[PDB]
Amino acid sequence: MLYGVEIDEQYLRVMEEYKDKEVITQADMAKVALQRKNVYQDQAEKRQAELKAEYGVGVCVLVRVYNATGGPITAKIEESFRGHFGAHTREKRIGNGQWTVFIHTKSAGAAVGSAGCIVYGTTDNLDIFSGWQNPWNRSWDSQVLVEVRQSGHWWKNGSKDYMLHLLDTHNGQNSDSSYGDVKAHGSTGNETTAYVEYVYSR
(Lines of atoms letter the chains of each structure in order from A and count residues from 1; the text may use other names and numbers.)
(Lines give C-alpha, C1' and ligand atoms only; values in the text may rest on other atoms or scores of the structure.)
Protein backbone atom coordinates (compact mmCIF):
# COMPACT_ATOMS: atom_id res chain seq x y z
CA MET A 1 0.00 0.00 0.00
CA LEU A 2 1.78 3.10 1.34
CA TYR A 3 5.36 3.30 2.64
CA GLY A 4 7.20 6.09 4.42
CA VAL A 5 6.28 9.09 6.54
CA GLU A 6 4.73 12.17 4.98
CA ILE A 7 7.30 14.99 4.76
CA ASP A 8 5.34 18.19 5.38
CA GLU A 9 5.82 21.49 7.19
CA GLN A 10 5.77 19.91 10.65
CA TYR A 11 8.45 17.39 9.63
CA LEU A 12 10.74 20.18 8.47
CA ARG A 13 10.11 22.47 11.45
CA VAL A 14 11.78 19.94 13.78
CA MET A 15 14.83 19.83 11.48
CA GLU A 16 17.87 21.93 12.37
CA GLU A 17 18.11 23.34 8.86
CA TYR A 18 14.51 24.65 8.77
CA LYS A 19 13.18 25.12 12.32
CA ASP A 20 13.85 28.90 12.37
CA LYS A 21 12.84 29.59 8.76
CA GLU A 22 10.02 32.09 8.34
CA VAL A 23 8.42 30.24 5.41
CA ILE A 24 9.09 26.58 4.61
CA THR A 25 8.53 26.24 0.89
CA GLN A 26 7.37 23.46 -1.37
CA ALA A 27 10.92 23.40 -2.72
CA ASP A 28 12.22 22.82 0.82
CA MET A 29 9.86 19.91 1.43
CA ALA A 30 10.66 18.41 -1.97
CA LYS A 31 14.40 18.63 -1.29
CA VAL A 32 14.04 16.76 1.99
CA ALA A 33 11.86 14.08 0.40
CA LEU A 34 14.41 13.51 -2.34
CA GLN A 35 17.07 13.24 0.37
CA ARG A 36 14.99 10.65 2.29
CA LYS A 37 14.26 8.55 -0.81
CA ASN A 38 16.30 5.61 0.37
CA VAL A 39 14.97 5.48 3.95
CA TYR A 40 11.85 3.43 3.06
CA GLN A 41 12.88 2.27 -0.42
CA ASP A 42 13.81 -1.21 0.86
CA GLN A 43 10.22 -1.62 2.07
CA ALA A 44 8.95 -0.69 -1.37
CA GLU A 45 11.43 -3.08 -3.02
CA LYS A 46 10.42 -5.82 -0.57
CA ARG A 47 6.82 -5.35 -1.73
CA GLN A 48 7.87 -5.50 -5.39
CA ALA A 49 9.58 -8.82 -4.61
CA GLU A 50 6.48 -10.18 -2.82
CA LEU A 51 4.25 -9.30 -5.77
CA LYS A 52 6.68 -10.83 -8.27
CA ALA A 53 6.96 -14.03 -6.25
CA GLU A 54 3.17 -14.20 -5.98
CA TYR A 55 2.66 -13.59 -9.71
CA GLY A 56 5.40 -15.93 -10.94
CA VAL A 57 6.23 -16.41 -14.60
CA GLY A 58 4.43 -14.32 -17.20
CA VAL A 59 4.56 -10.65 -18.21
CA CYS A 60 4.08 -7.94 -15.62
CA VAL A 61 5.45 -4.78 -14.12
CA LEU A 62 6.18 -4.35 -10.42
CA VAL A 63 5.78 -0.59 -10.01
CA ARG A 64 7.13 1.53 -7.17
CA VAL A 65 6.28 5.26 -7.09
CA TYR A 66 8.06 7.87 -4.94
CA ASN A 67 6.52 11.33 -4.45
CA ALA A 68 9.20 13.97 -3.82
CA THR A 69 7.23 16.94 -5.23
CA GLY A 70 6.92 18.65 -1.86
CA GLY A 71 3.17 18.09 -1.60
CA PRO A 72 0.63 15.30 -1.93
CA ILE A 73 -0.38 13.73 -5.22
CA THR A 74 -3.75 12.11 -5.94
CA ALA A 75 -4.49 9.29 -8.39
CA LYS A 76 -6.79 10.70 -11.09
CA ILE A 77 -6.77 8.09 -13.86
CA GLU A 78 -5.84 4.42 -14.04
CA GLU A 79 -5.99 2.78 -17.45
CA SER A 80 -5.16 -0.72 -18.73
CA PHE A 81 -4.27 -0.82 -22.40
CA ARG A 82 -3.24 -4.50 -22.28
CA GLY A 83 -3.66 -6.63 -19.18
CA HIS A 84 -5.02 -5.62 -15.81
CA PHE A 85 -4.11 -4.31 -12.39
CA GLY A 86 -3.59 -6.56 -9.42
CA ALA A 87 -6.44 -7.33 -7.06
CA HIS A 88 -5.35 -4.92 -4.32
CA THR A 89 -6.78 -1.43 -4.68
CA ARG A 90 -4.36 1.34 -5.58
CA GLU A 91 -3.65 4.17 -3.15
CA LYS A 92 -5.56 7.35 -3.96
CA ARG A 93 -3.25 9.79 -2.14
CA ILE A 94 0.53 9.64 -1.84
CA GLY A 95 2.14 12.13 0.52
CA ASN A 96 5.43 13.82 -0.15
CA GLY A 97 8.09 11.36 1.04
CA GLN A 98 5.81 8.36 0.54
CA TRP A 99 5.95 5.36 -1.80
CA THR A 100 3.25 3.21 -3.27
CA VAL A 101 3.69 -0.18 -4.95
CA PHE A 102 1.43 -2.13 -7.26
CA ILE A 103 1.51 -4.83 -9.91
CA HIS A 104 0.10 -4.74 -13.41
CA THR A 105 0.05 -7.99 -15.37
CA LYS A 106 -0.86 -9.34 -18.75
CA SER A 107 -4.24 -10.95 -19.16
CA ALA A 108 -4.47 -14.46 -17.76
CA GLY A 109 -3.49 -17.06 -20.32
CA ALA A 110 -2.88 -14.52 -23.06
CA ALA A 111 0.07 -14.21 -25.41
CA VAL A 112 -0.07 -10.46 -24.83
CA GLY A 113 1.94 -8.12 -22.61
CA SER A 114 1.30 -5.54 -19.91
CA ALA A 115 0.56 -1.93 -20.89
CA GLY A 116 -1.09 0.75 -18.79
CA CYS A 117 -0.75 4.00 -16.94
CA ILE A 118 -1.59 5.96 -13.84
CA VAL A 119 -2.08 9.73 -13.88
CA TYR A 120 -1.39 11.60 -10.64
CA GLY A 121 -2.49 15.17 -9.93
CA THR A 122 -0.48 17.70 -7.94
CA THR A 123 -1.61 20.55 -5.73
CA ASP A 124 -0.39 23.09 -8.31
CA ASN A 125 -2.74 21.63 -10.93
CA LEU A 126 -0.35 19.49 -12.94
CA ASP A 127 -1.01 15.91 -13.97
CA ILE A 128 1.75 13.35 -14.26
CA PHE A 129 1.25 10.52 -16.74
CA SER A 130 3.20 7.39 -15.74
CA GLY A 131 2.98 4.61 -18.28
CA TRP A 132 4.54 1.26 -18.99
CA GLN A 133 4.53 -1.12 -21.93
CA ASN A 134 6.11 -4.54 -21.39
CA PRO A 135 5.66 -6.70 -24.50
CA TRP A 136 5.02 -10.41 -24.80
CA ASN A 137 7.16 -10.59 -27.96
CA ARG A 138 10.71 -10.18 -26.69
CA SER A 139 12.07 -9.09 -30.03
CA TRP A 140 11.04 -5.77 -28.42
CA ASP A 141 12.12 -4.17 -25.15
CA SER A 142 10.34 -3.14 -21.99
CA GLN A 143 9.32 0.53 -22.14
CA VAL A 144 8.49 3.31 -19.67
CA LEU A 145 7.15 6.83 -20.22
CA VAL A 146 6.48 9.86 -18.04
CA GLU A 147 4.91 13.18 -19.04
CA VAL A 148 4.19 16.19 -16.85
CA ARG A 149 1.40 18.38 -18.26
CA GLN A 150 -1.38 20.72 -17.18
CA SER A 151 -4.16 19.11 -15.15
CA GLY A 152 -6.79 17.51 -17.38
CA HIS A 153 -4.37 16.98 -20.28
CA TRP A 154 -5.41 13.31 -20.51
CA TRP A 155 -7.47 12.28 -22.31
CA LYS A 156 -8.66 15.44 -24.06
CA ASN A 157 -5.19 16.50 -25.30
CA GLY A 158 -3.75 12.99 -25.44
CA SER A 159 -6.07 10.15 -26.35
CA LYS A 160 -5.74 6.62 -25.02
CA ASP A 161 -4.88 5.45 -28.52
CA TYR A 162 -2.19 8.11 -28.84
CA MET A 163 -0.58 7.41 -25.46
CA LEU A 164 -0.48 3.70 -26.27
CA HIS A 165 1.17 4.57 -29.60
CA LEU A 166 3.85 6.49 -27.70
CA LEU A 167 4.30 3.49 -25.39
CA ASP A 168 4.60 1.01 -28.27
CA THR A 169 7.09 3.10 -30.23
CA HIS A 170 9.17 4.23 -27.25
CA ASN A 171 12.85 3.28 -27.41
CA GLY A 172 14.24 3.51 -23.90
CA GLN A 173 14.11 1.99 -20.41
CA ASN A 174 14.32 5.49 -18.87
CA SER A 175 12.04 8.48 -19.38
CA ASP A 176 12.23 12.07 -18.14
CA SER A 177 9.78 14.97 -18.30
CA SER A 178 9.45 18.45 -16.81
CA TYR A 179 6.60 20.96 -16.68
CA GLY A 180 6.41 24.02 -14.49
CA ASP A 181 8.36 23.33 -11.31
CA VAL A 182 7.77 19.53 -11.39
CA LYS A 183 9.97 16.78 -12.79
CA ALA A 184 9.18 13.15 -13.44
CA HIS A 185 11.45 10.18 -14.05
CA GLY A 186 10.63 6.60 -14.97
CA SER A 187 12.82 3.54 -15.25
CA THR A 188 12.15 -0.11 -16.09
CA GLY A 189 14.09 -3.30 -16.26
CA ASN A 190 14.15 -4.99 -19.65
CA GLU A 191 12.57 -8.34 -18.77
CA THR A 192 9.23 -10.11 -18.81
CA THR A 193 8.64 -9.49 -15.08
CA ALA A 194 10.17 -6.02 -14.78
CA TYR A 195 10.74 -3.69 -11.86
CA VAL A 196 9.52 -0.19 -12.67
CA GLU A 197 10.26 2.97 -10.67
CA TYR A 198 8.64 6.40 -11.03
CA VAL A 199 10.04 9.38 -9.13
CA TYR A 200 8.36 12.79 -9.08
CA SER A 201 10.46 15.73 -7.86
CA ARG A 202 10.59 19.56 -7.71
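Residue numbers here begin at 1 and follow the sequence given.
- With 80-88 and 101-109 compared on mean CA B-factor from the PDB entry, the stretch scoring higher is 80-88.
- When the C-alpha B-factors of 189-197 and 9-17 are averaged, 9-17 comes out higher.
- Ranking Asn67, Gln133, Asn157, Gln48 by Cα temperature factor from the entry places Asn157 first.
- Between the residues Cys60, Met29, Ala53, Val148, the entry's highest C-alpha temperature factor is the one at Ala53.
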